[PDB]
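Student: everything below, folded, please.
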Amino acid sequence: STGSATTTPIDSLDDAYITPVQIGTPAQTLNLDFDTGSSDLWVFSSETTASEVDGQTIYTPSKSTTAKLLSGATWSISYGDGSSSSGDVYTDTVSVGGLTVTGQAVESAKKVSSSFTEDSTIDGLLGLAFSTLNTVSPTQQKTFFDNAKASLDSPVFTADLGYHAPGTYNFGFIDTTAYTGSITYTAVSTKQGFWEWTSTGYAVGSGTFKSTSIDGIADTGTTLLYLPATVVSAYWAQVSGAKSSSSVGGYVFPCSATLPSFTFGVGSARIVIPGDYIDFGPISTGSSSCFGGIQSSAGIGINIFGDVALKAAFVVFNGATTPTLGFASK
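Tutor: Numbers count the residues shown, from 1 in each chain. Please see the structure below:
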């Protein structure tokens, strides 16, 4: 089997991407944030505290002939941006782009933090990290990908995120028309539950490539690219007027500045992030000061190849017995 679904930016900055997911019988379509940095599929629902629901589409398990309550099960998650959600657990039929999993754990939110409430466009998350990070208790549940794996033509999914445009999540096959050149594959560590890998270095604009190991995770659920402070300083030093602002919370630059590209290494291959991708617009409405798309990971505890990086590539998440990541230009 395979599946193919279009993923769409939630706003003009590519702050996140949403993908329609069919849940239950008859289908209830919710727009979920596919997150390769977490492992819970959770949704706004008929059970979510009413005051915490503001425009999202909710899952109503009582209207689904295939929903089943997982007795006694609870879940609770906290994300790196400090947002959180929690509730109880159903299993139901879940389809993504034509690919159907029966008995998928669908985590129903009883509570969500304000950032979720305030974001009307995201109806929940669908985690695609390794199932070891799933927060369901007393018994951890498997991700959509993990449940689908054995059925897939090939045990893979691919992320083809768009720059200010829609893109594609495919399951079970590699679309050889979706990228230029070849895919370079690189080893993954699952020790922390993430798609963790080691980049082979970076370049700033037309500068020479610096060979250096950068451990990090491929995370579709993070907006920006977070790298060591040394690397990030090297980049912004090449932008006239750029500075790190503690009040704003990161590197900012004159909106009229021309940004250099940023290259990261995948083995002996190179992915180039165009300068434009690194502009996340005014720090506040009407400002001539803009927020940078490359920021320091210092304080996060991990480097994160988020959407700014991933959208410059066609990315293969290879869930074979020994997992790997593949990157191609496109």
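
Student: quick one: the helices in the stretch 1-150 of the chain?
Tutor: 114-117, 144-148 (DSSP state H, counting those that start in this stretch).

Student: ranking those by mean neighbour count, which comes first?
Tutor: Among the helices of the stretch 1-150 of the chain, helix 144-148 has the highest mean neighbour count (mean count of other Cβ atoms under 10 Å), at a mean of 23. The way it works is simple: take the backbone N, C-alpha and C, and place the C-beta from them, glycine included.

Student: can I see the domain layout of this structure?
Tutor: Here the domain parsing of the chain from curated CATH domains is 5-174, 175-330.

Student: for the first one, measure first residue to last.
Tutor: Distance across domain 5-174, first residue to last, is 13 Å (Cα to Cα, to the nearest Å).

Student: going forward, count from 673.
Tutor: Got it, first residue is 673 now, which makes that one domain 677-846.

Student: what's the closest of the helices of the stretch 673-822 of the chain to residue 909?
Tutor: In terms of Cβ to Cβ, the element of the helices of the stretch 673-822 of the chain nearest to residue 909 is helix 786-789, at 32.1 Å.

Student: and the longest helix for this structure?
Tutor: Assignment by DSSP state H gives helix 901-908 as the longest helix of the chain.

Student: from the chain's centre, how far out does that one sit?
Tutor: Here helix 901-908 is found 23 Å from its chain centre; the criterion is Cα atoms, centre = their mean, to the nearest Å.

Student: contacting residues around the helix or strand following that helix?
Tutor: Counting by DSSP states H and E, the next helix or strand C-terminal to helix 901-908 is strand 915-917. Outside strand 915-917, the residues that touch it by Cβ atoms under 8 Å, 6 or more residues apart in numbering are 908, 922, 923, 924, 925, 968.

Student: for the helix or strand following strand 915-917, name the packing helices and strands.
Tutor: Proceeding N to C from strand 915-917, the next assigned helix or strand is strand 922-926, under DSSP H and E. Strand 922-926 is packed against helix 901-908, strand 915-917, strand 961-964, strand 966-968, with contacts defined by 3 or more Cβ pairs under 8 Å, 6 or more residues apart in numbering; DSSP states H and E.

Student: next SSE after strand 922-926?
Tutor: Counting by DSSP H and E, what follows strand 922-926 is strand 934-938.

Student: distance from the chain centre to that next one, please.
Tutor: Between the centre of strand 934-938 and the centre of its chain there are 19 Å (Cα atoms, centre = their mean).

Student: cool, stretch 909-924 as well?
Tutor: In terms of Cα atoms, centre = their mean, the centre of stretch 909-924 is found 25 Å from the chain centre.

Student: equivalent analysis for stretch 677-694, please.
Tutor: Here stretch 677-694 is found 10 Å from its chain centre; the criterion is Cα atoms, centre = their mean.

Student: same deal with stretch 804-812?
Tutor: Centroid separation for stretch 804-812 versus its chain: 20 Å, with Cα atoms, centre = their mean.

Student: next: stretch 784-798.
Tutor: How far stretch 784-798 lies from its chain's middle: 14 Å, per Cα atoms, centre = their mean.

Student: not counting sequence-adjacent ones, nearest residue to residue 906?
Tutor: Excluding its sequence neighbours, the residue lying closest to residue 906 (Cβ to Cβ, 6 or more residues apart in numbering) is residue 876, at 5.8 Å.

Student: what about the one you found, how many neighbours?
Tutor: The number of residues packed near residue 876 is 20, by other Cβ atoms under 10 Å.

Student: show me what contacts it?
Tutor: The contact partners of residue 876, by Cβ under 8 Å, 6+ apart, come to 906, 907, 910, 932, 933, 934, 935.

Student: please indicate which of these are buried?
Tutor: Buried members of the contacts of residue 876, counted by 16 or more other Cβ atoms under 10 Å: 906, 907, 932, 933, 934, 935.

Student: ok, the third one touching residue 906?
Tutor: In other words, residue 932. No - the pair residue 932 / residue 906 is not scored as a contact, 10.6 Å apart, by Cβ atoms under 8 Å.

Student: just flag the most distant two among the contacts of strand 915-917.
Tutor: The widest separation within those (Cβ to Cβ) is 14.6 Å, between 925 and 968.

Student: most centrally placed residue in the protein?
Tutor: residue 892 (1.8 Å; Cα atoms, centre = their mean).

Student: excluding sequence neighbours, find me the nearest residue to it.
Tutor: Nearest residue to residue 892 in three dimensions, chain neighbours excluded: residue 708, at 4.5 Å (Cβ to Cβ, 6+ apart).

Student: gap between that neighbour and residue 843?
Tutor: Distance, residue 708 to residue 843, by Cβ to Cβ, to the nearest Å: 13 Å.

Student: just to revisit the earlier point, which members of the buried ones among the contacts of residue 876 are the farthest-apart pair?
Tutor: Spatially, the most separated pair among the buried ones among the contacts of residue 876 is 906 and 933, at 13.2 Å (Cβ to Cβ).

Student: can you get me a residue count around the closest residue to residue 819 other than its chain neighbours?
Tutor: In space, and not counting its chain neighbours, residue 819 is closest to residue 773: 4.5 Å by Cβ to Cβ, 6+ apart. Residue 773 has 24 neighbours, counted by other Cβ under 10 Å.
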